[PDB]
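Take a look at the structure below.
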Amino acid sequence: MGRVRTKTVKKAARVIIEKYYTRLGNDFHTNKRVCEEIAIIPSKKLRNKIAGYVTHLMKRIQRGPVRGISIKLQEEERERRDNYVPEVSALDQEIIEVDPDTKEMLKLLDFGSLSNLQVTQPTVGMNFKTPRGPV
Amino acid sequence: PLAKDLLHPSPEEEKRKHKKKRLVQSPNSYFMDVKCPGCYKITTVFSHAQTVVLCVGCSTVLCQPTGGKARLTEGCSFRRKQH
Amino acid sequence: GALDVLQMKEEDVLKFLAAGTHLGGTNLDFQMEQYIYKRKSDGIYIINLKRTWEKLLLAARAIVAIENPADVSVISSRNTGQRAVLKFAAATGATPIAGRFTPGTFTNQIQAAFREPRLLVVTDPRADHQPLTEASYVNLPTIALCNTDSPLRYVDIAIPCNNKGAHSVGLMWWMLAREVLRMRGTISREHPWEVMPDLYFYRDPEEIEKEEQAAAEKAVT
Amino acid sequence: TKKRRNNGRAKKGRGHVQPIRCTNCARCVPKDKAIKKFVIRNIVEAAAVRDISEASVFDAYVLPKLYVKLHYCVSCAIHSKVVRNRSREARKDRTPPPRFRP
Amino acid sequence: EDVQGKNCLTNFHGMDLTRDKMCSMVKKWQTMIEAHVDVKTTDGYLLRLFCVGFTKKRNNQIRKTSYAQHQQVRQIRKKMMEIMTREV
RNA sequence: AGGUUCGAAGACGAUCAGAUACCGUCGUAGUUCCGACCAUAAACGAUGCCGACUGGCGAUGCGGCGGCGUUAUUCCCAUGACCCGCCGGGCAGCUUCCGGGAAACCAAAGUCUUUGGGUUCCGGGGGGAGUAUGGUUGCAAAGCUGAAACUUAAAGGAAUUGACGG
Ligand SMILES: [Mg+2]
Ligand SMILES: [Mg+2]
Ligand SMILES: [Mg+2]
Ligand SMILES: [Mg+2]
Ligand SMILES: [Mg+2]
Ligand SMILES: [Zn+2]
């Protein structure tokens, strides 16, 4: 009750995680020793407050991609972003469904009579336009 | 649109407007040859007619006056004439 | 163009019809009615693809006219287009801002991310109104991808395709990149581009994990 | 200065509307200005529904509703906390409050 | 009407709807049409029948209100009175 | 004529330091109808009337026109109920760096120092005062028309920050 960490602890822990992710783990005491020897923290209480938040943040990172950013998480992010170009295109449907109105649009721009272009009938209807007011 | 051309409108925009407010005003009404079954002659009923018109030979009703347009009676051919 | 070389070449018509890119209803903005063909019986407006193609080519001309390639700035607030603008900047050499646009990027000269571009290309006028307004502050011309109901306030080279579906957004960024690189000399314009347009498509996390587990179970078996 | 564009009432195309009486103080309010409220509360007051249900002589009986329409003057609606003061841009919002369904 | 020992024999005196049903039917954005007729049966039991009916929203209707115009209300009311009179 | 209910006046009961008040009980005139007066209201959109021009959007009411379909009689053409649009005249709404404005705001309160479409009424610091007096209308109550002496350095409008709010 009343254990919110200030922005000094939070941003110090974030920079520590960003720079020295490889030497930290989910153990408070080894993280405490690492933060002792890689940063000049003037007081013991601040030191192990920072170490506690580092431990909490590494549990969060081991769950998923919080900020961040780890090099492994970011390289796998750009791997997902860059790779999975599929082996077959998603736009090669080989059967394209068209309204007869779009068929006529293509017909008047000289492409409506050489493509595959499977056509349906128009929907008897005009029941768009969700009812006005409440219910 | 800043460069709408006001003196060459498309015919659909011309038909869409009021009968005034066109470049040159023109009526939306017309005349027509109305033919009823059982007779031989035709009558030249106005489209927006207000009179209960009658065929002079056979005293039968051709059109019934309504709010905007004369409603012709049960089945009778009509030919809009000279457009 | 009026040239025969800059004509439609119906392979991309098949790409357009597969992705969407011609269905934009049901609201029509009064400055976008120049680009529609007509309205479907179910309320959707149909967009004439000749106008889309030639507005795209005009935009590509304007992008090519910038001598320094890292002065075109490409913007996408939404994710469906964040991927496309990142790959577009990779292909052409533009400068992307994918995600949150911090206000004062173009006007506050003191701050660190003070970009000073010469052209601005925007996925959605309605979702990227803040870069449009700042472009009005710093006399910066603007190109945008516009649906049938997108307001054209600070837009100059509005390209009327579609910006709801992920496929249409990825496809139009793909063809903008292809035309920009073809007007410069990188692709000889006779054989198709090696980059397949699925590279620019948005992928939500659930279908990503479904695809990756399907690929894992296929590879192990 | 003029506080609202309508003058606190729905009177647009007419000269006079008939007054009504406020339901808990009997002030004369014009009908378009009054705070109206429709109440479809249960008679049997669902904190006590099970005792009535088990004491009933029928097997399948559905409890009747109570249908009252309330009219408030502005002062009674404010004091009974039917409505509250809002800021300017909040004032010009006409949506009913959400139905708190879940 | 009469007593037969330990029995009270009754006869019809009137019909009514419950309060909650009548309050449940009346709602906004529709027109209520009511009619009444005074009318005598063959054996001399002069009655007063009250009718009520409400305009119905169509299933594909997207307008909020279903309001009959005044002439429609008048001929609906005329039909109600003529049907009740011919029935009783 | 009629007087159910409410209810100026009035009486009482409370509350209060007081309480000719607010709250409660009763209750006259009045409230209702017919006939005759009176001419006033925050009689308000606090915005003269007529005409022209200048953005968008979605609805709504009346009339007309045109369209896939659904529904009613009836099996058809009408005619109704709905659906999708267009035109005209209405009551309004949202939005907009049209433009305006001291601003609140206003698509009119815009098209105004880049000042002139036609025309009626009307203001000229605050008070004294809509008073005095004369005239005139009315049964009266009052309405209309309407000063001066004298007095005064501000009275006001719209926004901002605080302080205060039973
Ligand atoms: Mg006030
Ligand atoms: Mg009034
Ligand atoms: Mg009393
Ligand atoms: Mg009186
Ligand atoms: Mg003065
Ligand atoms: Zn009250």
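Heads up: the protein sequence lines correspond to chains R, b, A, a and B, in order.
Residue numbers for the first sequence, in the authors' numbering: 1 to 135.
Residue numbers for the second sequence, in the authors' numbering: 2 to 84.
Residue numbers for the third sequence, in the authors' numbering: 3 to 223.
Residue numbers for the fourth sequence, in the authors' numbering: 2 to 103.
Residue numbers for the fifth sequence, in the authors' numbering: 89 to 176.
Yeah, the Cβ is synthetic: ideal placement off N, Cα and C, and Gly gets one too.
Output needed for residue i: all residues of its chain with C-beta closer than 7 Å, excluding positions within five of it in sequence on either side, in chain order.
| i | result |
| --- | --- |
| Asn110(A) | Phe116 |
| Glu36(R) | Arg47 |
| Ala51(R) | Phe28, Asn31, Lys32, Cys35 |
| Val54(b) | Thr44, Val46, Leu63, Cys64 |
| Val98(R) | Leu117, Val119 |
| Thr144(A) | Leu122, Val124, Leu134, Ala137, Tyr156, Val157, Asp158 |
Run the CB neighbour count on residue i, radius 10 Å, all protein chains shown included, and call it buried at 16 or more, exposed below.
| i | result |
| --- | --- |
| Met168(B) | buried |
| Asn116(R) | exposed |
| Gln74(R) | exposed |
| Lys5(b) | exposed |
| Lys42(A) | buried |
| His72(a) | buried |
| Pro199(A) | buried |
| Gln62(R) | exposed |
| residue 1(a) | As shown, chain a starts at 2 and ends at 103. That puts residue 1(a) outside it, with no answer to give. |
| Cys163(A) | buried |
| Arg180(A) | buried |
| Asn83(R) | exposed |
| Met103(B) | exposed |
| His169(A) | buried |
| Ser78(A) | buried |
| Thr54(A) | buried |
| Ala61(A) | buried |
Round the Cβ separation of residue i and residue j to the nearest angstrom and send it over; I've been treating them as touching at under 8 Å.
| i | j | result |
| --- | --- | --- |
| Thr28(A) | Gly45(A) | 4 Å |
| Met172(B) | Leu137(B) | 5 Å |
| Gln19(a) | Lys32(a) | 6 Å |
| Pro28(b) | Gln51(b) | 15 Å between Cβ atoms; not a contact. |
| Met33(b) | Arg81(b) | 5 Å |
| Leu121(A) | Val74(A) | 5 Å |
| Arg67(R) | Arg85(A) | Their Cβ separation, rounded to whole angstroms, is 19 Å, which puts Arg67(R) and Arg85(A) out of contact at 8 Å. |
| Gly95(A) | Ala72(A) | 6 Å |
| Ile96(R) | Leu19(A) | 5 Å |
| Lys20(b) | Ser48(b) | Not confirmed; about 13 Å, so no contact. |
Quick check: does the Cβ of residue i come within less than 6 Å of any heavy atom belonging to ligand 7?
| i | result |
| --- | --- |
| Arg102(A) | With respect to ligand 7, the structure offers nothing, as its ligand set consists of ligand 1, ligand 2, ligand 3, ligand 4, ligand 5 and ligand 6. |
Excluding the five sequence neighbours on either side, which residues of its own chain have a C-beta within less than 6 Å of the C-beta of residue i, listed in chain order?
| i | result |
| --- | --- |
| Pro98(A) | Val76, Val87, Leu88, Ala91 |
| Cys26(a) | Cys77 |
| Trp176(A) | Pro199, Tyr202 |
| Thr24(a) | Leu71, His72 |
| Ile53(a) | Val45 |
| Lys10(R) | none |
| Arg100(a) | none |
| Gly112(R) | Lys103, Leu106 |
If you drop the 5 nearest sequence neighbours on each side, which residues of the same chain put their C-beta closer than 8 Å to that of residue i?
| i | result |
| --- | --- |
| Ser152(A) | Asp31, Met34, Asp126, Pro127, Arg128, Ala146, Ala160, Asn165 |
| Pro38(b) | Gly76, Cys77 |
| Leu135(B) | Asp126, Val127, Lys128, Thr129, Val176 |
| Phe79(b) | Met33, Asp34, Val35, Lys36, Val46, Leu73 |
| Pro194(A) | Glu13 |
For this session: Return the chain-ordered ranges of every alpha helix (DSSP H) run that is complete within the segment 50–135 of chain R and spans a minimum of 4 residues.
Result: Listed in chain order, the alpha helix (DSSP H) runs fully inside the segment 50–135 of chain R are 71–82, 100–107, counting runs of at least 4 residues.
Exercise. Using a beta-carbon distance cut-off of less than 7 Å, what residues from the segment 22–34 of chain a approach chain B?
Worked result: Within the segment 22–34 of chain a, not one residue has a Cβ closer than 7 Å to any Cβ of chain B.
Exercise. Whole beta strand (DSSP E) runs in the segment 40–97 of chain A with 3 or more residues, listed along the chain?
Worked result: Entirely contained in the segment 40–97 of chain A, the beta strand (DSSP E) runs reaching 3 residues are, in chain order, 47–49, 74–78.
For this session: At 3 residues or longer, and completely inside the segment 134–181 of chain A: list those beta strand (DSSP E) runs for me, N to C.
Result: If only uninterrupted beta strand (DSSP E) runs of at least 3 residues are considered, those enclosed by the segment 134–181 of chain A are 144–146.
Problem set entry | Members of the segment 77–95 of chain A near chain R, C-beta cut-off 7 Å | Answer set for the segment 77–95 of chain A: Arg85.
Problem set entry | Interface positions of the segment 24–45 of chain A facing chain R (Cβ-Cβ less than 7 Å), listed along the chain | The residues in question are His24, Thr28, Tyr39, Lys40, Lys42, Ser43, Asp44, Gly45.
Problem set entry | Where the segment 150–172 of chain B meets chain R: residues whose CB sits under 9 Å from a CB there | Residues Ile150, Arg151, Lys152, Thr153.
For this session: Return the residues of the segment 108–131 of chain R that lie within a Cβ-Cβ distance of less than 9 Å from chain A, sorted by chain order.
Result: Within the segment 108–131 of chain R, the residues whose Cβ lies closer than 9 Å to some Cβ of chain A are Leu108, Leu109, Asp110, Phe111, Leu114, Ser115, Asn116, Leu117, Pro122, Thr123, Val124, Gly125, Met126, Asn127, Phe128, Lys129, listed in chain order.
Exercise. If contact means a Cβ-Cβ distance below 7 Å, which residues of the segment 46–69 of chain a contact chain B?
Worked result: If the cut-off is 7 Å between Cβ atoms, the segment 46–69 of chain a has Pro65, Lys66, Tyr68 near chain B.
Problem set entry | Under 8 Å (Cβ pairs) to chain R, residues found in the segment 95–118 of chain B | Within the segment 95–118 of chain B, the residues whose Cβ lies closer than 8 Å to some Cβ of chain R are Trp117, listed in chain order.
Problem set entry | Near-chain R residues of the segment 47–61 of chain A (beta-carbon distance less than 8 Å), N- to C-terminal order | Hits within the stretch, in order: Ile48, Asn50, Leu51, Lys52.
Exercise. At which residue ranges does the segment 107–164 of chain B contain complete beta strand (DSSP E) runs of 3 or more residues, listed in the order of the chain?
Worked result: For the beta strand (DSSP E) assignment, the uninterrupted runs of no fewer than 3 residues enclosed by the segment 107–164 of chain B are, from N- to C-terminal side, 120–127, 135–142.
Problem set entry | chain B contacts from the segment 49–66 of chain R (Cβ-Cβ distance under 9 Å) | Correct list: empty, as no residue qualifies.
Exercise. Residue ranges of each alpha helix (DSSP H) run of no fewer than 4 residues wholly in the segment 4–32 of chain R, ordered along the chain?
Worked result: Taking only runs of at least 4 residues, the alpha helix (DSSP H) segments lying wholly in the segment 4–32 of chain R are 7–19.
Problem set entry | Members of the segment 90–103 of chain R that neighbour chain A once the beta carbon cut-off is set at 8 Å | Correct list: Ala90, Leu91, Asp92, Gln93, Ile96, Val98, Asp99, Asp101, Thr102.
Exercise. What are the complete alpha helix (DSSP H) segments, minimum 4 residues, inside the segment 46–85 of chain a?
Worked result: If we require 4 residues or more, the alpha helix (DSSP H) runs fully inside the segment 46–85 of chain a come out as 50–56, 75–80.
Exercise. Of all the residues that make up the segment 151–185 of chain A, which are near chain R by a beta-carbon distance shorter than 8 Å?
Worked result: Per Cβ criterion, the list reads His169, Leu173.
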